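> Sequence plus experimental coordinates follow:
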Amino acid sequence: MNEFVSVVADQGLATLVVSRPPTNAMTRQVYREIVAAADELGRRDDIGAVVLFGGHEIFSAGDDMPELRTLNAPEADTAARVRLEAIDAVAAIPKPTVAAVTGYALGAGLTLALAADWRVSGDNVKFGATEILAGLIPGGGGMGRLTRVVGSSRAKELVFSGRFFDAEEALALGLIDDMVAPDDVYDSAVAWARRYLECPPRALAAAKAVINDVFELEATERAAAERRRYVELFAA
Amino acid sequence: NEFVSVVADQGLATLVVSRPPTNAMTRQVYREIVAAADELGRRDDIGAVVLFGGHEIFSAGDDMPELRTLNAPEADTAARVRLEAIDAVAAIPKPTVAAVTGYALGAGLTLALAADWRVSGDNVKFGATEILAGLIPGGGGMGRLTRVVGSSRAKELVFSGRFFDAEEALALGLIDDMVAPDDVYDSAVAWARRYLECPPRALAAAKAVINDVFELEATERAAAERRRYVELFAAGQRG
Amino acid sequence: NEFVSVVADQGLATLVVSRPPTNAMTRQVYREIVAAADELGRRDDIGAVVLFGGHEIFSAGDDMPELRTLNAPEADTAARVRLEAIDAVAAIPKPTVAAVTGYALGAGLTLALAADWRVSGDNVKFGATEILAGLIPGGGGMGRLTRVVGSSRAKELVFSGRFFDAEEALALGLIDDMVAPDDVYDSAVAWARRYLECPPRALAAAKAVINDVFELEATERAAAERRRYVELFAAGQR
């Protein structure tokens, strides 16, 4: 499960590398490989934090549309389920994760970036919810993740139009956390990730878990899970 | 029939509330908004919608002389039809823009928030005025306000009932653009026309999923997103 | 009784936490916060509340030395009473303002966030410090932090446990006003007094619905909003 996606470990941190030139367009196979990569990263104790990276040229132009056009409805349905499984798995990695975004983050590419805990972006990057340009809509929970950061009205403007927005606008909207020169994206992402290597890993995992649940779970379930995680940490 | 109209022109409709002098909305006005919102969803001569109260005023909100005379079961019914009207407008499966002039107060602000976007006159006054009559905002107003501005600001506005100007509304994210009073309707029409050439079934599905973000539990949200995605995809293969 | 005090003055009450030198909250302080908050909610002669730890400090958070003497089931019970205290303050059916001086750290930051508004000294340090003890914020802190600042910033703050100043809190939306250290209490009082002549039933119902926005599932929200709205028309409540 690693023709296009690889996990590269180095000095306590790992890079999940998507490499499917020239746009890192994600086919069904790429999504399966992201699922396996996310699982591997969660369990590896030589890895304390993760950088998501497509290479210096591009993060991802999104779904592979030509593949999609060859599928029938049940195959497309399965593709949509694996897409969500991939995006969720990346979001749930029990370690701090940063998207090192270069070139373009479009459609499912933007959704993938939004699954990371933080995003460091090149100042030349173009973003966009391009799915509507194919007569489709964003999958993998993209519209939900977008909406919680920018609000409904802006979410609709971006998704309905499918327009490109620059890194400066992404920064102003809160969709990326830092903007740097194109040659420094990966190195800045690595530096952000390294900031957490000396933290208690189970506590980070627990904090991430509760934070991510804030918009997902009903209040009683949120409280039960927070308390359980707190007591666990305490009992260890 | 009586206070709310749908006026279609060049592919676009204006949903017009007209109940002088303040476009105060009674129970009847809300029922008429529900009928107008359903009509607008069904009509294929209509690709996008502008909500409009006329050049003078959008709406001062609930009709307080009516509300003040109701008992608890009548208030229950009033609260339902108000919510039904706001949600109907919110669910219109087409891009919708509020062309806000004069005032958007109480249920009037809520109605404006039910549009996808708001273009406001620079002289408009906004406010959650319900508490000035001893009441609270209905129609899910407090939720829609809170999700845009956060709890602390939502409370300050709703507890005080104070008026705020269009500059503050813009800074709070409660409106999307501010223009001269005489240009509000025309600018609203121009924002609405920007989407007339989009794929209508995809827009409808996108709008539906975005609106469901705060309305459905996570499993139901993911299922509905996938179903809509697959329907769009199958339809385009077929013809 | 021992660490938490209620002081009333023409419609305005101050809930005072005093457990020097840091107003660290032990299990007993949380029980006392619960009882004081409930009392304040009941009292119809009180139209608003200021939360205050004195001129020097709001709270440095959980009493960690107490916590280190507990076993896991006791810690579980401690965690439930912590939540009960935060929620009790959040649910006070009257406008409430936190007069934050000195430090608001860990459960102390959570407590300030339970108030409707926060007026802070410009020299105050804030922080989600629980991770520095190998723990995580309790009392629903992470949820309350996340709704204001968003996930990405919530994580940065909670994962690091770093201190942030009043200027950064203001820019993040975590406090509503920043004033000189000597003016915190007075400004909190003036803010609270602005609402003393509002219709109390309507404030209560509005506060309850606004707080439920992130607490209840959508069908439960619509039902509870409608119930509270209709109550304003009920025979005994007009």
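Structure's in. What do you need? Residues are numbered from 1 along each chain as shown, chains lettered A, B, ... in the order given.
> The longest helix along chain A and chain C in contact?
Secondary structure of chain A read by DSSP state H shows that its longest helix is helix A:73-92. No - no part of helix A:73-92 sits close enough to chain C to count as contact by CB under 8 Å from any CB of the partner chain; the gap is at least 9.9 Å. C-betas here are computed from N, CA, C, even on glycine.
> Can you list the buried residues in that helix?
Neighbour counts using 16 or more other CB atoms under 10 Å in any protein chain shown place A:76-77, A:79-80, A:82-91 of helix A:73-92 among the buried residues.
> Just list the residues touching the closest residue to chain C within chain A, thanks.
At 4.0 Å from chain C, residue A:235 is the closest residue in chain A, using CB to the nearest CB. With contacts defined as CB atoms under 8 Å, 6 or more residues apart in numbering or on different chains, the neighbours of residue A:235 are C:72, C:75.
> Phi, psi for it please.
With angles defined as degrees, to the nearest 10, residue A:235 sits at phi -70, psi -30.
> Tell me the helices and strands packed up against whatever helix or strand comes next after the longest helix of chain A.
Following the chain from helix A:73-92 toward its C-terminal end, the next helix or strand by DSSP states H and E is strand A:97-101. Applying 3 or more CB pairs under 8 Å, 6 or more residues apart in numbering or on different chains; DSSP states H and E, one finds that strand A:97-101 contacts strand A:50-53, helix A:108-115, strand A:118-122, helix A:185-194.
> The following helix or strand past strand A:97-101 packs against which elements?
If you walk from strand A:97-101 toward the C-terminus, the next helix or strand you reach (DSSP H and E) is strand A:104-106. If contacts are counted by 3+ CB pairs under 8 Å, 6+ apart, strand A:104-106 sits against strand A:126-128.
> The strand it packs on pairs with which strands?
Sheet pairing of strand A:126-128 (DSSP bridges) gives strand A:104-106 (parallel), strand A:165-166 (antiparallel).
> Identify the residues contacting the residue lying closest to residue A:91 once chain neighbours are set aside.
Taking CB to CB, 6 or more residues apart in numbering or on different chains, and ignoring the residues beside it in sequence, residue A:91 has residue A:115 as its nearest neighbour in space, at 4.1 Å. Under the criterion of CB under 8 Å, 6+ apart, the neighbours of residue A:115 are A:87-88, A:90-91, A:97, A:99, A:145.
> Show me the contact partners of stretch A:31-46.
With CB under 8 Å, 6+ apart as the contact definition, stretch A:31-46 has outside contacts at A:1-7, A:9, A:12, A:14, A:16, A:18, A:26, A:47, A:50, A:79, A:82-83, A:85-86, A:89-90, A:92-95, A:112.
> List the buried residues of that stretch.
Going through stretch A:31-46 with 16+ other CB under 10 Å, the ones that come out buried are A:31-35, A:37-38, A:40-41.
> now swap in stretch A:192-204 and tell me
Within stretch A:192-204, the residues that count as buried by 16+ other CB under 10 Å are A:192-194, A:196, A:199-201, A:203-204.
> burial measure for residue A:154, as a count.
Applying other CB atoms under 10 Å in any protein chain shown, we find 17 residues neighbouring residue A:154.
> Do I have it right that it meets residue A:173?
Yes - taking contacts as CB atoms under 8 Å, residue A:154 lies within contact range of residue A:173: 6.7 Å.
> what residues does stretch A:3-15 touch?
Contacts to stretch A:3-15, defined as CB under 8 Å, 6+ apart, come from residues A:16-20, A:29-30, A:33-34, A:36-37, A:40-41, A:44, A:46-53, A:100, A:190, A:193-194, A:197.
> mind checking how far stretch A:16-24 is from the chain centre?
Offset of stretch A:16-24 from its chain centre (CA atoms, centre = their mean, to the nearest Å): 14 Å.
> Next, the distance between the ends of it.
Stretch A:16-24 has an end-to-end distance of 13 Å (criterion: CA to CA, to the nearest Å).
> Buried ones in that stretch, by neighbour count?
Along stretch A:16-24, the positions that meet the burial threshold by neighbour count (16+ other CB under 10 Å) are A:16-18, A:20, A:23-24.
> quick one: which of those residues sit in strands?
With strands defined by DSSP state E, the entries of the buried residues of stretch A:16-24 inside them are A:16-18.
> how about the strands paired with strand A:126-128 in a markdown table, adding mean neighbour count?
Written out in a markdown table, the entries for the strands paired with strand A:126-128 read as follows (neighbours: other CB atoms under 10 Å in any protein chain shown):
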| stretch | mean neighbour count |
| --- | --- |
| strand A:104-106 | 28 |
| strand A:165-166 | 17 |
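> what about stretch A:129-138 and chain B, touching?
Yes - counting by CB under 8 Å from any CB, chain B has neighbours in stretch A:129-138: A:132, A:135-138.
> Buried subset of those, written for ChimeraX?
The buried residues among the residues of stretch A:129-138 next to chain B can be selected in ChimeraX (16+ other CB under 10 Å) with this line:
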select /A:132,136,137,138
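> Now for the residues of stretch A:129-138 next to chain B: which two are most distant?
Greatest spatial distance in the residues of stretch A:129-138 next to chain B: A:135 and A:138, 12.7 Å, computed using CB to CB.
> now the residues of stretch A:129-138 next to chain B as JSON lines including secondary structure?
JSON lines is the format used below for the residues of stretch A:129-138 next to chain B (DSSP: H, G, I helix; E, B strand; the rest coil):
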{"residue": "A:132", "secondary structure": "helix"}
{"residue": "A:135", "secondary structure": "coil"}
{"residue": "A:136", "secondary structure": "coil"}
{"residue": "A:137", "secondary structure": "coil"}
{"residue": "A:138", "secondary structure": "coil"}
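> Give me the domain ranges for chain A.
Taking curated CATH domains as the domain assignment, the record places the domains of chain A at A:1-199, A:200-236.
> List of residues touching stretch A:65-75?
Contacts for stretch A:65-75 (CB under 8 Å, 6+ apart): A:25, A:27-28, A:76, A:79, A:134, B:230, B:233-234, B:237.
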